[PDB]
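Structure first, commentary second.
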Amino acid sequence: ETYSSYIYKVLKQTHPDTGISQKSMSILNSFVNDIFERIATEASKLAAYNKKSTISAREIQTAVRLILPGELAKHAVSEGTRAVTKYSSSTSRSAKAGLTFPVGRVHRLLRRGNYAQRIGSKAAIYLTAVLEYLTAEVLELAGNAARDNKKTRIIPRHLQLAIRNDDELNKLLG
């Protein structure tokens, strides 16, 4: 429900240049929740459809293809595939997967909302990488609208401008 600190971390990894206001963070935090709900729900119906007791990374991946607009989908799938692949060859979970967002908190969230009987680990890693990639994407576009306008602080107007002036962001967050 609160990815704030991790959102702020993500922002500084690419643009220490840029700050973000309270309103902007809560709005951006709500987008993370909405995207989580819609992905978990779709994976939930997919698990039931394929007679699965457990939501695995496979259900997460398919759910990502369906919910996300064209280009965002292929990049999210690539990132989710990267986080799970790195964590496997490496045998915290976030660190092993190379993620900044809390893999443990997401798994738990997935787990206490009863989308399935069980939530596999690789699936929680997959979803976490997707939430992080998307969050960075919004921050990048919300940040570009701020920096292009010669400002150094993301305000709510910039989020609206980023989502509006971008087609795929528009399909998803519109």
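Lettering and numbering for the structure tokens are positional, with chains as A, B, ... in the shown order, residues counted from 1 in each chain, and ligands counted from 1 in the shown order.
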Excluding region 148-163 of chain A and its own-chain neighbours fewer than 4 positions away, which residues fall within 9 Å of it when counting only C-alpha atoms? Please give them as a compact mmCIF listing (two decimals) with C-alpha atoms, in the first residue's frame.
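Dumped to result_11.txt:
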```txt
# COMPACT_ATOMS: atom_id res chain seq x y z
CA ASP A 17 18.74 15.66 -10.31
CA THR A 18 15.07 15.51 -9.54
CA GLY A 19 12.84 15.64 -6.47
CA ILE A 20 9.17 14.78 -5.96
CA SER A 21 6.37 16.29 -3.85
CA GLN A 22 4.08 14.61 -1.31
CA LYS A 23 1.01 14.72 -3.57
CA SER A 24 3.01 13.36 -6.51
CA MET A 25 4.30 10.45 -4.41
CA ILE A 27 -0.61 9.62 -6.55
CA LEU A 28 2.28 7.59 -7.94
CA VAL A 138 6.26 7.03 -14.88
CA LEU A 139 9.02 8.78 -12.89
CA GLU A 140 11.07 9.09 -16.09
CA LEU A 141 8.19 10.66 -18.02
CA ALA A 142 6.93 12.68 -15.05
CA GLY A 143 10.52 13.79 -14.57
CA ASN A 144 11.05 14.67 -18.23
CA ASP A 167 0.19 6.97 -25.69
CA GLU A 168 0.89 3.71 -23.83
CA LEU A 169 0.97 5.42 -20.43
CA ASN A 170 -2.33 6.92 -21.54
CA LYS A 171 -3.88 3.51 -22.26
CA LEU A 172 -2.79 2.17 -18.87
CA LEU A 173 -3.06 5.10 -16.45
CA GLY A 174 -5.51 7.17 -18.50
```
For the structure I just gave you, how does DSSP split chain A - specifically, which residues are alpha helix (DSSP H)? Reply as a ChimeraX atom specification. /A:4-14,22-49,57-67,70-89,93-97,103-111,121-148,156-164,167-173
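Residues in contact range of residue 5 (chain A), defined as at most 12 Å between only C-alpha atoms, with sequence neighbours fewer than 4 positions away removed, read residues 1, 9, 10, 11, 12, 20, 22, 25, 26, 28, 29, 100, 101 and 102 of chain A.
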Please provide as a PDB file with C-alpha atoms, in the first residue's frame all residues within 7 Å of region 60-72 of chain A, with the sequence filter that same-chain residues fewer than 3 positions apart are discarded (counting only C-alpha atoms).
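As written to disk, result11.pdb reads:
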```pdb
ATOM      1  CA  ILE A  39      -2.157  -7.867 -12.432  1.00  0.00           C
ATOM      2  CA  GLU A  42      -5.781 -11.381 -13.846  1.00  0.00           C
ATOM      3  CA  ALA A  43      -3.175 -13.932 -12.749  1.00  0.00           C
ATOM      4  CA  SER A  56       3.350 -18.942 -10.528  1.00  0.00           C
ATOM      5  CA  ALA A  57       5.581 -16.767 -12.637  1.00  0.00           C
ATOM      6  CA  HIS A  75       9.716  -4.444 -21.639  1.00  0.00           C
ATOM      7  CA  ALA A  76       7.999  -5.483 -18.403  1.00  0.00           C
ATOM      8  CA  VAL A  77       8.154  -9.117 -19.497  1.00  0.00           C
ATOM      9  CA  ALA A 123       6.178 -15.001  -9.215  1.00  0.00           C
ATOM     10  CA  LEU A 127       5.674  -8.963 -10.186  1.00  0.00           C
ATOM     11  CA  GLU A 168       0.887   3.711 -23.830  1.00  0.00           C
ATOM     12  CA  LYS A 171      -3.877   3.508 -22.259  1.00  0.00           C
ATOM     13  CA  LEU A 172      -2.794   2.172 -18.870  1.00  0.00           C
TER      14      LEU A 172
END
```
Please list as a PyMOL selection string every residue within 7 Å of residue 124 (chain A), counting only C-alpha atoms and excluding residues in the same chain fewer than 4 positions away. chain A and resi 103+106-107+120+128
Got a sec: who's within 10 Å of residue 41 (chain A), counting only C-alpha atoms, leaving out chain neighbours fewer than 6 positions off, as a PyMOL selection string? chain A and resi 35+47+60+63+110+113-116
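Taking only chain A, the residues that DSSP calls strand (DSSP E or B) from the backbone come to residues 19, 20, 54, 55, 118, 119, 153 and 154 of chain A.
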Go ahead and compute the interatomic distance for CA of residue 3 (chain A) and CA of residue 80 (chain A), in Å to one decimal. 18.1 Å
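The space between CA of residue 74 (chain A) and CA of residue 99 (chain A) spans 18.3 Å.
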Which polymer residues have any atom within 8 Å of an atom of residue 83 (chain A), counting only C-alpha atoms, with same-chain residues fewer than 3 positions away left out, as a ChimeraX atom specification? /A:79-80,86-87,97-99,125-126,129
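One distance worth recording is that between CA of residue 164 (chain A) and CA of residue 34 (chain A), which is 17.8 Å.
The smallest atom-to-atom distance between residue 130 (chain A) and any of A:145, A:73, A:48, A:55, using only C-alpha atoms, is found for A:73.
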